[PDB]
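Residue numbers (the deposited numbering): 0 to 192.
Every residue gets a Cβ at the ideal spot worked out from N, C-alpha and C, and that includes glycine.
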């Protein structure tokens, strides 16, 4: 056999890609780790989770992805990552379920054949890669959903910067499935280029 299914919070390297899996609802969501930059998720009556594959150190890399994205409820398909100094999480949202994410509107960026709305939000005394903190979240949210294509990450970062949304030193960067309460499944593949 060879793929691996996991159910407990962890990070690591699988098939040459970084991966992260986290939930507040153990036993309601799993991640199956496939060859290369690919994984699947399955969730049933869950809480919150985020799972994905990518890189332990993010940057401006152009990436390409393909996904099967099958939420019954609130979920997102997102190029997600973190920085430190300052502590920021960011989301380049390609598709979503019942709810389209929003925040304080800071403009648009047109890249990779689509136009994205830019938003800022804040998290308050919340989990982070640095423990309980208050920090910013940056968003690019595509104006129409899609489930495959190229993301020229640097174009997002540059648009954010023009709007005053400054990033720190990169931590991980993954093509994520995010969910809240839903049930559903996904299969996602990511690579550079």
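In this chain, the alpha helix (DSSP H) harbouring residue 157 covers 152 to 161.
It is roughly 17 Å from the alpha-carbon of residue 35 to the alpha-carbon of residue 148.
Separation of the CB atoms of residue 16 and residue 53 is rounded to 7 Å, and the pair is thereby assigned contact status at 8 Å.
Restricted to the segment 17 to 59, not a single alpha helix (DSSP H) segment is unbroken, complete and at least 4 residues in length. Rounded to whole angstroms, the separation of the alpha carbons of residue 137 and residue 152 is 13 Å. Within the same chain, and ignoring the five residues on either side of residue 98 in sequence, the residues whose Cβ sits closer than 8 Å to its Cβ are 73. Counting other Cβ atoms within 10 Å of its Cβ, residue 160 stays below 16 and is therefore classed as exposed.
Sequence-distant partners of residue 105 (beyond 5 residues in either direction) whose C-beta falls short of 7 Å from its own C-beta, in its chain, are 117, 118, 119, 162, 164.
A distance below 8 Å separates the beta carbons of residue 174 and residue 78. A distance below 8 Å between beta-carbons, with the five flanking residues on each side excluded, links residue 61 to the following residues of its chain, in chain order: 149, 150, 151, 152, 153, 191, 192. Per DSSP, reduced to three states, the secondary structure at residue 98 is coil, with no helix or strand assignment.
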